[PDB]
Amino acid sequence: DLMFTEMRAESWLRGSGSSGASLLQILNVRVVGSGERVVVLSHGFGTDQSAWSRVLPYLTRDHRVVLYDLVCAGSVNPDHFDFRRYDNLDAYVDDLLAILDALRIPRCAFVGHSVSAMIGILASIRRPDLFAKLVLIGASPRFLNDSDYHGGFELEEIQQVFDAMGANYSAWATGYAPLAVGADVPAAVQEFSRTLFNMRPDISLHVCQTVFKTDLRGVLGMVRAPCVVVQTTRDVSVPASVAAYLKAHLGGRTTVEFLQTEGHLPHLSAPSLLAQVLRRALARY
């Protein structure tokens, strides 16, 4: 129908320019696959969208899959990192929403690793009508310990991290990569290292400060979207009591998938498992 043509015609204009459209190139957005079922893959700290490469083939035959880099990723032009604007997660949220709008996507499923899990939680709250479902990996509503809440991190602790990062970043990253991967998977470690080196140390520091800062405990109940909470065995940055908290307290229908593998980056270190986990979590919505 012609009317269909002209309706898409104006929304390309209504919105040409924006944040969104220009973003497509800035954030290296990629659409792959076929399906009327849309899936967004959102990576976390220290990586870029290449982190999803191993599991990507298992999704593209019957999903259209959207990937983008977080603005803090080393694969993004670092002049684009506005230190004021990206003070807290809300601004990363706006980017996601602007990407999806520019692509003209009214309903999708969202997969988020780590801080991207936070981003997705907030986006779902901002736009309950856009996310049919959430899949959350290595996710935490709050990293800092609190009076009754074990986050896994003390303030004095993160401050030590900060210092090490600022003192020699490349050395810090080399040491960090294995601890974050956790498992003895030398290929995940060398991949995580590489994207970690790509980031500019000041942006890494800004982003980490922004993550450790965040606390979503208060708004978990506002989520209306079904969630799959994916938790690995000995996640260094996510205790099991947290995964446990996150699940009880999300207000949409929530299921937990407890992976047998250890480490915080299963999409890198356990793709043989996570791919199948992901097919199942994304089969209907």
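Heads up: residue numbers just count along the shown sequence, starting at 1.
- When 200 to 208 is weighed against 138 to 146, 138 to 146 comes out higher, by mean CA B-factor as recorded in the entry.
- Taking only CA atoms, the mean B-factor in the PDB entry is higher for 81 to 89 than for the other of 181 to 189 and 81 to 89.
- When the C-alpha B factors of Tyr245, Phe45, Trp52, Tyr58 are read from the deposited coordinates, the top value falls at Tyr245.
- Split the chain's modelled residues into thirds by C-alpha temperature factor. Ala9 is in the highest one.
- Ranked by Cα temperature factor within the chain, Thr261 sits in the middle third according to the deposited record.
- Per-chain ranking of the deposited C-alpha B factor places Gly151 in the middle third.
- Annotation for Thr214: CA B-factor lies in the middle third of the chain's modelled residues.
- When the CA B factors of the chain's modelled residues are split into thirds, the value for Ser170 lands in the middle one.
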